[PDB]
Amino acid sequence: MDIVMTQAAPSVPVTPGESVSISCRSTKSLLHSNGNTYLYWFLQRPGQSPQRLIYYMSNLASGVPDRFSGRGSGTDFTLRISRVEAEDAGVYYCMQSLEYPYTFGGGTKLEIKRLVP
C-alpha cells in the first residue's frame, strides 16, 4: 500500500530575514531497522530542476547553508529556514524513499511578503 505524504499547507508566508517552518506527514513511519529515516526535502524554483536540501531526514546536502535544518520522528517532519533570503523563494517538497513507489508531498510555496508602494 502506498505511503502517502502530506504537507500541512500549500504556501506559507514570511518576510525577509525572518524564519519559517514547513511541515510534512507520512502515513507510515520512515524509520528503517537500519536506523536511517528515509525522508528528503527538495526545493524547486521556477525554471530550475529540483534540488535536494536534506537527506535522511536531517542531514544537509552539500552546498546547502546552515540556516536550513530538519527534524522529526517517525511520521512527522519539519523543515526550518532560520533567516530567509530572496533566493529561498520556491516550492519545498518532502519525499519518502522507504518503500516503492517513492512519494512526494504536495509542496509548499514559500511566499515572501512585501508591501505595495
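So that there is no doubt, residue numbering starts at 1 and follows the sequence shown.
Novice: Between 47-55 and 66-74, which has the larger average Cα B-factor in the PDB entry?
Specialist: Taking the mean B-factor of the alpha carbons in each, 66-74 is higher.
Novice: Quick check: 91-99 versus 11-19, which has the larger average CA B-factor in the record?
Specialist: So the stretch with the higher mean C-alpha B-factor is 11-19.
Novice: Taking only the Cα B-factors deposited for this chain, tell me whether residue 29 sits in the lowest, middle or highest third.
Specialist: For residue 29, whose C-alpha B-factor we compare with every modelled residue in the chain, the answer is the middle third.
Novice: Sort the modelled residues of this chain by their C-alpha B factor and say whether residue 39 lands in the lowest, middle or highest third.
Specialist: According to the entry, residue 39 has a C-alpha B-factor in the chain's lowest third.
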